[PDB]
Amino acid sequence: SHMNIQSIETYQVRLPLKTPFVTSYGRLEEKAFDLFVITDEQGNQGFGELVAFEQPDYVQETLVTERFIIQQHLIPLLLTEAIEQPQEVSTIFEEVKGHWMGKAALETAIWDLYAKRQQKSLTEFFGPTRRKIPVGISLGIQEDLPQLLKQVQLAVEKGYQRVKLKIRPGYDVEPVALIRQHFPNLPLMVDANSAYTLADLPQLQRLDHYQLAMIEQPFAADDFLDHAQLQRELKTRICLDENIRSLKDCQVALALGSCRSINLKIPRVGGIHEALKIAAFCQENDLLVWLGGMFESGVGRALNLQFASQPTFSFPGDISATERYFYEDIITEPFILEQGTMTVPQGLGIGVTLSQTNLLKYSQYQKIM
């Protein structure tokens, strides 16, 4: 009675955004994502989400291309061997190069399935975990400092224990100074989104005076050497994102001295097994690791909350209630956020149940096998 996949179903969902995306390729009025439902011989069902964007701006994977790699190469690989432990999936997919998000979509669903098989919450496989966890908040560029200061104040009023400010060349030292002045002990970090170059090192060093938790990806998404040049000169921890796809990338960053913090995203790293290996390595080498979001639906969000609930993830991550980005979700229950703290879903697997009514109005169904 080993895990014997009876069927695989998928929903191509398009969830309306409260704030549509503007990309170099056009506008996006909704976040598109594919859901995968893997049913075993027992009737148990594992849920997974393909979160890849519709354009290769953040990273190379896109929804349409990963969707193809899943049906043409990954699913066939997944269906050849009987799986005993979810950790075996990463090994099974090993022969497929790249396509991390496509792998994660299927791999995370197998972990969910396995958990349900054991009649346990997936959290039971992540070692010690919290029931509720503080989450951070991120503010975009606010040229009107007074209003920005207003935002931080409301953030603190709502109990958020950490704040992230997006930053760019002509907007960094001034706004960070203002917030550090009105909030001396507030955990603060900045997000440079690759907006700087090595020539801006002088400017970036000024931030060392404001006790920031970290400065995220100031240089190119594919750079290690420039970041190392900066990290050597900074007391503040530099954080990498796009560049960290696996345990080995963390090992290369550590070797080069590229950073002292890692932004971890399960889909970007290919799944839970890889995310777990990366988190363990960061713990052993003083690399502050935290979890980031990717506009996931409730399916991916549930998993993020559970994974981020481990004590290790002490720095509040980028996780919010689904309604922060959407009007509705495709799962039946809402996540509860009270004073910057969210409850970690309990219940078998990821602890969420699909909303057939909403899936019916926002998605296209298809039985792969």
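Numbering starts at 1 and follows the sequence shown.
*Asks:* Comparing average C-alpha B factors as deposited, tell me which of 7-15 and 355-363 sits higher.
*Replies:* The recorded data point to 355-363.
*Asks:* Would you tell me which stretch averages the higher CA B-factor in the PDB entry, 229-237 or 172-180?
*Replies:* Mean B over CA atoms: larger for 172-180.
*Asks:* From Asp249, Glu94, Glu88, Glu81, pick the one with the largest CA B-factor in the entry?
*Replies:* Checking the PDB record, the top C-alpha B-factor among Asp249, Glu94, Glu88, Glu81 is at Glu81.
*Asks:* Highest recorded C-alpha temperature factor, please, choosing from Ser297, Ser258, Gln147, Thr108.
*Replies:* That would be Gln147.
*Asks:* For the chain shown, is the CA B-factor of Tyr210 in the lowest, middle or highest third of its modelled residues?
*Replies:* For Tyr210, the deposited C-alpha B-factor lands in the highest third.
*Asks:* Compare the C-alpha B factor of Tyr160 with those of the other modelled residues in its chain, then answer lowest, middle or highest third.
*Replies:* Highest third.
*Asks:* Considering only modelled residues of the same chain, in which third does the CA B-factor of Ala275 rank: lowest, middle or highest?
*Replies:* CA B-factor rank for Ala275: lowest third.
*Asks:* For the chain shown, is the CA B-factor of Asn44 in the lowest, middle or highest third of its modelled residues?
*Replies:* For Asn44, the deposited C-alpha B-factor lands in the middle third.
*Asks:* Among the modelled residues of this chain, does the Cα B factor of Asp318 put it in the lowest, middle or highest third?
*Replies:* Within its chain, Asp318 is a middle-third residue by C-alpha B-factor, going by the deposited values.
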